[PDB]
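Visitor:
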Amino acid sequence: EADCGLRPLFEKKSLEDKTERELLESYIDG
Amino acid sequence: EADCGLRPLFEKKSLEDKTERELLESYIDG
Amino acid sequence: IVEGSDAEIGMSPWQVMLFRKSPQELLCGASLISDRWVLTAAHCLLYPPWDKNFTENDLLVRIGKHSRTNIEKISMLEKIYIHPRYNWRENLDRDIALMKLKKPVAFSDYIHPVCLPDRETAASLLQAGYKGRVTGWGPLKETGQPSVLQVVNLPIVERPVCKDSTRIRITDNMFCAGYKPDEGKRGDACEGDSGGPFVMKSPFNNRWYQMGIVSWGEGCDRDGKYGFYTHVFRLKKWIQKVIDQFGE
Amino acid sequence: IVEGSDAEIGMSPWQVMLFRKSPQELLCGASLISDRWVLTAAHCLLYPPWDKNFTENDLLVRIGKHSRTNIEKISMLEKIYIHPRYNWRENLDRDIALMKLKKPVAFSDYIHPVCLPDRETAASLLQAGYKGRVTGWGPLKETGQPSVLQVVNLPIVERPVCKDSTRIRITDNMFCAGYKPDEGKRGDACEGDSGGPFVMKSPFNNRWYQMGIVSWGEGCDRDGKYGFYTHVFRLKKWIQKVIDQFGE
Ligand SMILES: *[C@@H]1O[C@H](CO)[C@@H](O)[C@H](O)[C@H]1NC(C)=O
Ligand SMILES: *[C@@H]1O[C@H](CO)[C@@H](O)[C@H](O)[C@H]1NC(C)=O
Ligand code: NA
Ligand code: NA
Ligand code: NA
Ligand code: NA
Numbered sequence: 333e334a335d336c337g338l339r340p341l342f343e344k345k346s347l348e349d350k351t352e353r354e355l356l357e358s359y360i361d362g
Numbered sequence: 333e334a335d336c337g338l339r340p341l342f343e344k345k346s347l348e349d350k351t352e353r354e355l356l357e358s359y360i361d362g
Numbered sequence: 364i365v366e367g368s369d370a371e372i373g374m375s376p377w378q379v380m381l382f383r384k385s386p387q388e389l390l391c392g393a394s395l396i397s398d399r400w401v402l403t404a405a406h407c408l409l410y411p412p413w414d415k416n417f418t419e420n421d422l423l424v425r426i427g428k429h430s431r432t437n438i439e440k441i442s443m444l445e446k447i448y449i450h451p452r453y454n455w456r457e458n459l460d461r462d463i464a465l466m467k468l469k470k471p472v473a474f475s476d477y478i479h480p481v482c483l484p485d486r487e488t489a490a491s492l493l494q495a496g497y498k499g500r501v502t503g504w505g506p507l508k509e510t518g519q520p521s522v523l524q525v526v527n528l529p530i531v532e533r534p535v536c537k538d539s540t541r542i543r544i545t546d547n548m549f550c551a552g553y554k555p556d557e558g559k560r561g562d563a564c565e566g567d568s569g570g571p572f573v574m575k576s577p578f579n580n581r582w583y584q585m586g587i588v589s590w591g592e593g594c595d596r597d598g599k600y601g602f603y604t605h606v607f608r609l610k611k612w613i614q615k616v617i618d619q620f621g622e
Numbered sequence: 364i365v366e367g368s369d370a371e372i373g374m375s376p377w378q379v380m381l382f383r384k385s386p387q388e389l390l391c392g393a394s395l396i397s398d399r400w401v402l403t404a405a406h407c408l409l410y411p412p413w414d415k416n417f418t419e420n421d422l423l424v425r426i427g428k429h430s431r432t437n438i439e440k441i442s443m444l445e446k447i448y449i450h451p452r453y454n455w456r457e458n459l460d461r462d463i464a465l466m467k468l469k470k471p472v473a474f475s476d477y478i479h480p481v482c483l484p485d486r487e488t489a490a491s492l493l494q495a496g497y498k499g500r501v502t503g504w505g506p507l508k509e510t518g519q520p521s522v523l524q525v526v527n528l529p530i531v532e533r534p535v536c537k538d539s540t541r542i543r544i545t546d547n548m549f550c551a552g553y554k555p556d557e558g559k560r561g562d563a564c565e566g567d568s569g570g571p572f573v574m575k576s577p578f579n580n581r582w583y584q585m586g587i588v589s590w591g592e593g594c595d596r597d598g599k600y601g602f603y604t605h606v607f608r609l610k611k612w613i614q615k616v617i618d619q620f621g622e
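These protein sequence lines are chains A, B, C and D, in that order. According to UniProt numbering, numbering within the first sequence proceeds without interruption in unit steps and concludes at 362. According to UniProt numbering, numbering within the second sequence proceeds without interruption in unit steps and concludes at 362. The third sequence runs 364 to 432, 437 to 510, 518 to 622 under UniProt numbering. The fourth sequence runs 364 to 432, 437 to 510, 518 to 622 under UniProt numbering.
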């Protein structure tokens with residue numbers, strides 16, 4: 333639905349969880 | 333500052349501008 | 364979840380637990396995709412090889428549970448929809464089911480739906496090496519019971535390697551993930567993690583998307599073996615049909 | 364901007380225009396990085412080879428302007448800070464300057480600051496082939519005057535190729551961008567685009583970061599030539615010093 337996938341305690345507060353960077357790095361790493 | 337880089341008429345309204353996908357694709361493309 | 368770690372509070376607000384109503388028995392994982400729909404694996408509900416064939420009145424789902432040791440919502444089911452071509456006879460092809468909640472659930476800091484992928488998101492992120500995240504209350508291995523939700527990040531594996539790891543006929547409605555022997559990291563879903571979500575965070579819009587459903591594997595966190603997941607995008611048309619047409 | 368297109372309304376709310384106060388003359392581009400600080404190229408303010416040496420009272424900046432043919440804010444400057452090691456004598460190394468607004472500006476749908484990169488963002492996105500976006504009111508080439523802000527997306531170029539394209543000694547405080555001959559796309563900043571921002575959208579947090587400042591180039595959109603930009607992250611410590619210590 334329209335607010336899907338944005339977590340109240342993380343994305344909505346501009347806070348990163350402990351390992352999400354590991355996921356995103358895997359997508360951009362060459 | 334804390335709300336930097338999030339555009340009122342785009343990111344803040346969940347709307348994509350016409351070519352931003354071109355930028356993001358260049359970062360994840362293999 | 365084997366070789367994972369404790370999830371932070373509110374890290375997985377779409378996490379749902381599927382329980383036998385009475386007596387209490389944790390059966391599988393599941394996910395919240397709207398205020399009234401929960402997604403899970405069909406084998407969590409219907410699996411004759413196991414004499415399993417649950418109906419709506421036999422179950423309950425819990426939403427918003429971070430640990431064992437309120438704020439937790441317990442919901443009844445109104446209707447179950449299993450993909451008509453789910454194949455429990457051979458290889459668990461199309462292992463997917465939707466469960467409609469009797470009443471819509473209220474969202475909170477701990478309860479929030481996950482997005483389902485569109486063609487662009489699937490094309491971009493379903494690539495070998497790209498990491499997803501699996502969460503669950505399955506044991507800590509195959510002997518080990520968590521009191522806090524466990525989480526593990528695993529990379530998607532090239533199809534030829536997935537094919538190679540098993541004798542079972544795999545299909546394009548499945549994908550596999552996990553580390554290779556020698557990549558030096560471990561991790562896998564296990565037992566009760568079945569039905570739970572495999573999610574990825576979009577670099578395009580920062581939202582979490584559910585790309586897979588824990589489906590099957592052989593053993594748990596074994597070298598040379600990988601977990602198989604239901605390819606959610608491949609079955610999107612059926613998912614959409616059910617949600618769009620029904621849900622009254 | 365050469366070979367670009369009309370910007371959508373509110374697409375670049377950090378865009379700032381630097382003007383000679385009286386008589387009116389558009390001098391350069393610039394960017395809003397907070398309610399009271401604007402970032403630009405030092406050569407837009409100090410460039411002796413051109414007998415240019417503007418002081419605070421000689422200028423005005425406009426913020427929030429989408430086109431030519437209210438909602439637009441005109442601000443006076445209180446103080447200009449040019450990097451102490453800006454080299455106008457040889458190669459425009461450290462071509463960067465900060466301008467403090469006399470009064471803080473109010474943010475709106477058309478006025479909003481851009482982020483400055485941290486080490487992680489710079490390491491991740493400053494890679495050959497990765498595209499950034501440049502915006503400006505420069506002419507449409509080198510003969518062509520826009521009434522709507524122009525935008526163009528350009529890929530960062532490998533350093534050996536940047537070095538190769540010019541006789542000037544380039545430094546690690548610069549990076550270059552633009553399409554190669556045969557990549558089949560065109561585009562470049564030009565003249566008055568000078569001082570404007572080169573931005574990239576983070577896949578980590580969905581925010582726009584200013585990675586560069588239009589600095590110099592030889593010609594505009596010429597085959598085999600690339601635009602050079604001030605490497606903002608490399609000069610972050612000085613930027614931070616100025617903003618952190620002053621700004622009263
Ligand atoms: C599950 O049980 C129902 C009875 O409500 C039956 O109609 C359906 O065919 C069963 N599925 C099996 C045993 O495969
Ligand atoms: C610019 O003008 C000021 C006078 O306020 C002078 O002190 C400074 O040295 C000048 N910069 C030049 C000419 O390089
Ligand atoms: Na990349
Ligand atoms: Na990639
Ligand atoms: Na394994
Ligand atoms: Na060129």
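For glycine and all other residues, C-beta sits at the position ideal for the given N, C-alpha and C.
When you get a sec, list the residues whose CB is within less than 6 Å of any heavy atom of ligand 4, chain order please.
Guide: Answer in sequence order: A:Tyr359, A:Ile360, B:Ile360, B:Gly362.
Visitor: Check whether the segment 581-592 of chain C and the segment 476-484 of chain D touch, using three or more Cβ-Cβ pairs below 8 Å as the test.
Guide: Judged by Cβ distances under 8 Å, the segment 581-592 of chain C makes no contact with the segment 476-484 of chain D, as fewer than three pairs qualify.
Visitor: With DSSP collapsed to three states, give me the class of D:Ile447.
Guide: As a position in the fourth sequence, residue 447 of chain D is number 80, starting the count at 1. Of the three classes helix, strand and coil, the one that applies to D:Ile447 here is strand, per DSSP.
Visitor: Is B:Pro340 near ligand 1, with its Cβ less than 6 Å from a heavy atom?
Guide: On the second sequence, position 8 is the one that residue 340 of chain B refers to. No, since every heavy atom of ligand 1 falls outside the 6 Å radius drawn around the Cβ of B:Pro340.
Visitor: Verify the CB distance criterion: does D:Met585 have a CB-CB separation below 7 Å to chain B?
Guide: On the fourth sequence, residue 585 of chain D is found 211 positions in, with the first residue counted as 1. No - not a single Cβ of chain B is within 7 Å of the one on D:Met585.
Visitor: May I ask you to check if the CB of D:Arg541 is nearer than 6 Å to at least one heavy atom of ligand 6?
Guide: Position 167 of the fourth sequence holds residue 541 of chain D. Incorrect: D:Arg541 has no Cβ contact closer than 6 Å to ligand 6.
Visitor: So, is the C-beta of D:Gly373 closer than 7 Å to a C-beta in chain B?
Guide: Position 10 of the fourth sequence holds residue 373 of chain D. True, the Cβ-Cβ gap to chain B drops below 7 Å.
Visitor: Can you say whether D:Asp597 is buried or exposed, counting buried as having 16 or more other CB atoms within 10 angstroms of its CB?
Guide: The residue labelled residue 597 of chain D in the question sits at position 223 within the fourth sequence. Exposed, by the Cβ-count rule.
Visitor: Note the first and the last residue of the continuous alpha helix (DSSP H) segment covering C:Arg533.
Guide: Here residue 533 of chain C refers to the residue found at position 159 when the third sequence is read from its first residue. Element bounds for C:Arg533: 533-538.
Visitor: If we cut at 7 Å on Cβ distances, does D:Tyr497 have a partner in chain B?
Guide: In the fourth sequence, counting from the first residue as 1, residue 497 of chain D sits at position 130. Yes, D:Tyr497 lies at the interface with chain B (some Cβ there is under 7 Å from its Cβ).
Visitor: Could you give the C-beta distance for D:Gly621 and D:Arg399, rounded to a whole number, given that I count them as a contact under 8 Å?
Guide: Residue mapping note: residue 621 of chain D aligns to position 247 of the fourth sequence, counting from 1. Residue mapping note: residue 399 of chain D aligns to position 36 of the fourth sequence, counting from 1. About 6 Å; that satisfies the 8 Å criterion.
Visitor: Give me the chain C residues within the contact set of residue 308 of chain A, using Cβ-Cβ distance strictly less than 7 Å, ordered along the chain.
Guide: In the structure displayed, chain A extends from 333 to 362; residue 308 of chain A sits before or after that span and is not available.
Visitor: To the nearest angstrom, report how far apart C:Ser539 and C:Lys599 are at their CA atoms.
Guide: As a first step, residue 539 of chain C must be located in the third sequence, where it is residue number 165. As a first step, residue 599 of chain C must be located in the third sequence, where it is residue number 225. Distance between the alpha carbons of C:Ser539 and C:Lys599 is about 6 Å.
Visitor: CB A:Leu356 to CB C:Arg581, shorter than 7 Å?
Guide: Against the first sequence, residue 356 of chain A aligns to sequence position 24. Against the third sequence, residue 581 of chain C aligns to sequence position 207. Result no, Cβ atoms of A:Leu356 and C:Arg581 do not sit closer than 7 Å.
Visitor: Please report the Cβ distance between C:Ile441 and C:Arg425, rounded to the nearest whole angstrom; I am assuming they are in contact, meaning their Cβ atoms lie under 8 Å.
Guide: Translated into positions along the third sequence, residue 441 of chain C becomes position 74. Translated into positions along the third sequence, residue 425 of chain C becomes position 62. C:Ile441 to C:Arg425, Cβ: 5 Å. Contact.
Visitor: At a cut-off of 6 Å, would you count C:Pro534 as near ligand 1, judging by its Cβ distance to the nearest heavy atom?
Guide: Taking the third sequence and counting its residues from 1, the one referred to as residue 534 of chain C is at position 160. Because no heavy atom of ligand 1 lies under 6 Å away, the Cβ of C:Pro534 does not count as near it: no.
Visitor: Anyone know if the C-beta pair for D:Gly499 and D:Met574 falls short of 7 Å?
Guide: In the fourth sequence, the residue the question calls residue 499 of chain D occupies position 132. In the fourth sequence, the residue the question calls residue 574 of chain D occupies position 200. Cβ atoms of D:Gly499 and D:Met574: closer than 7 Å.
Visitor: Using only Cβ atoms and a threshold of 7 Å, which residues come within that distance of a heavy atom of ligand 2? Order them by chain position.
Guide: Cβ atoms closer than 7 Å to ligand 2 belong to D:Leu409, D:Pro411, D:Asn416, D:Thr418.
Visitor: Could you work out which residue in D:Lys610, D:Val522, D:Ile372, D:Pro529 is closest to D:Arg431 when comparing CA atoms only?
Guide: For the purposes of this step, residue 431 of chain D is taken as residue 68 along the fourth sequence, with counting starting at 1. Of the candidates D:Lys610, D:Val522, D:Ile372, D:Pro529, the one whose C-alpha sits nearest the C-alpha of D:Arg431 is D:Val522.
Visitor: Would you give the residue range spanned by the alpha helix (DSSP H) that D:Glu622 belongs to?
Guide: Here residue 622 of chain D refers to the residue found at position 248 of the fourth sequence. Premise fails: D:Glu622 is in no alpha helix (DSSP H) and is neither H nor E.
Visitor: Check whether the Cβ of D:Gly552 lies closer than 6 Å to any heavy atom of ligand 6, and answer yes or no.
Guide: Within the fourth sequence, numbered from 1, the residue matching residue 552 of chain D stands at position 178. True, at least one ligand heavy atom lies under 6 Å from that Cβ.
Visitor: Does ligand 6 have even one heavy atom less than 6 Å from the beta-carbon of B:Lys350?
Guide: As a position in the second sequence, residue 350 of chain B is number 18, starting the count at 1. Every heavy atom of ligand 6 is 6 Å or more from the Cβ of B:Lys350, so no.
Visitor: CB residue 434 of chain C to CB C:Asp462, shorter than 7 Å?
Guide: Chain C lacks coordinates between 432 and 437, the interval that contains residue 434 of chain C.
Visitor: B:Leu356 touches chain C at which residues, Cβ-Cβ below 7 Å?
Guide: Sequence index remark: in the second sequence, residue 356 of chain B carries index 24 (1-based). Result: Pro577, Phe578.
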